[PDB]
Structures are given as structure tokens and as C-alpha cells.
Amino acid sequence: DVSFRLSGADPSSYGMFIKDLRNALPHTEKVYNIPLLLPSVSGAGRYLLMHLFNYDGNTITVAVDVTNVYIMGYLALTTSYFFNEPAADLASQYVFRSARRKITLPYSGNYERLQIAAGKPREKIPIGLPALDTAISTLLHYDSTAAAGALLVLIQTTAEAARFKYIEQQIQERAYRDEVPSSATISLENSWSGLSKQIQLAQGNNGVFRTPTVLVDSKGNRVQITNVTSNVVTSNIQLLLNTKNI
């Protein structure tokens, strides 16, 4: 399991949590020195539990699929919640089975459905350590519209920061003030599958992407990534979605 406490949190303790989160995900191989997540894991071992604590010390446990870093559901006191999607329903066969009741949330976990439930794109939702504290608090009691926005904050500040060092730094910069994600942050989120596939296809193509990946940079400039020498590959991405899952 991994844990993170908002009480006393700072860029360093957040960086330790994101390091623990990356290190809890299993891999047998690296591709261009980036851990390659597994094609599959059977049974309960597929799910990592993240214990998160708000500033007041109240806690939720979040279940994360270790093959793709997708959050499946969470437990808050004696109630479990899961997204309305087959992978989450399967996860509910393994985690939080001791909850007194299980609520299936009225959306799946993808960004498009969550933004629809929330009423706003994530371009408009501030993220940061304070927004994470609010998100944990929100998730403690069911409200499905408030929860969709909390879950947009939780996905970006947890499993997204684990995938990209740039996003982790963006959250560290928002340790004490939220701010909406940069368009670079959004681009990388949206590109993770694509990047993970191109970096794998580069292995028998001399380091060259079969198809270029278009990203927005930190200045808001739209760039093409064409090969593994790009700083996105050598410095930023930390985890590759296995092509078997793409």
C-alpha cells in the first residue's frame, strides 16, 4: 500500500508519495529506461491501495489498477464506491469487500464522462495540494456531482503525477495555492497512451516513433514528438502503458 497525508504536506512529502506510488507498480522490463507496466495481473494483486488523509486526518482508500494506473473505486468509512464500468466492477470482486454497502457511481472513470458529470472540463478545475484535500473531504460523503469534480482532481494529482514528472512538479508548485492545470499538463494526460505506444514501437525502429505525437509545451506552443531523444521521453514520462492494453 502507499499513503499520503495532507496534514503537514509540502512539495517534498508529496514528491515522496509520488515516488512510493511509482515504486509500488510492478514491472519486469524497462523500455528506454522507463518502467513498462505489466500486460496483466490476476486476482487481488492487480490493485494497489492508496491511503489518503485529509488535513483533519479523515481518510479514504483508493484502489488503483497496477497495469494502467486507472483508479477503479475507493472506500470511505464503511461504504465503497466504484466507477460504472466493467473493469471497476471486476475490481469490486477483490477490494473493499468488507464495506457495509457498495455504491456504483453513475458514470465511468474516463475524463469525458467525469467532466460531463461535473459540469465543467478539467481546464477549468483548479488542482493542487489544497484541491486534493478538498477532494478527499468531498469523497467522504456521497454526492455524485461533487464527487465527479473531486475525482478529476484526485486522478490528476495521483495517478497522472506518477506518469509524468512535469505533472508531479506542476502539483508541487501548487502545494499551497491551486491553479487550473497548464495546457501542457492536459496534453500529456491526453497523450499518455499514444506516447507509451510510440516509445514501445521505437524499440525496433531505431528510437524513431512510427507515428509522431503532438503535444503542447510549457509556453503553450504545439510541438511534435518524433523519437526517443525528445525531453518528453528522456526526462518526463515515468511509466509506460503496455501496448497489449492499447
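Throughout, we count residues from 1 along the sequence that is shown.
- The deposited model assigns a higher average Cα B-factor to 217 to 225 than to the other stretch when 217 to 225 and 32 to 40 are compared.
- For the pair 145 to 153 and 81 to 89, the record assigns the higher mean C-alpha temperature factor to 81 to 89.
- When the C-alpha B factors of 174, 102, 163, 120 are read from the deposited coordinates, the top value falls at 120.
- When all modelled residues of the chain are sorted by CA temperature factor, residue 111 is found within the middle third.
- Ranked within its chain, residue 246 lands in the highest third, by CA B factor from the PDB record.
- Ranked by Cα temperature factor within the chain, residue 197 sits in the middle third according to the deposited record.
- Among the modelled residues of the chain, residue 179 sits in the lowest third by CA temperature factor in this PDB entry.
- Split the chain's modelled residues into thirds by C-alpha temperature factor. Residue 203 is in the highest one.
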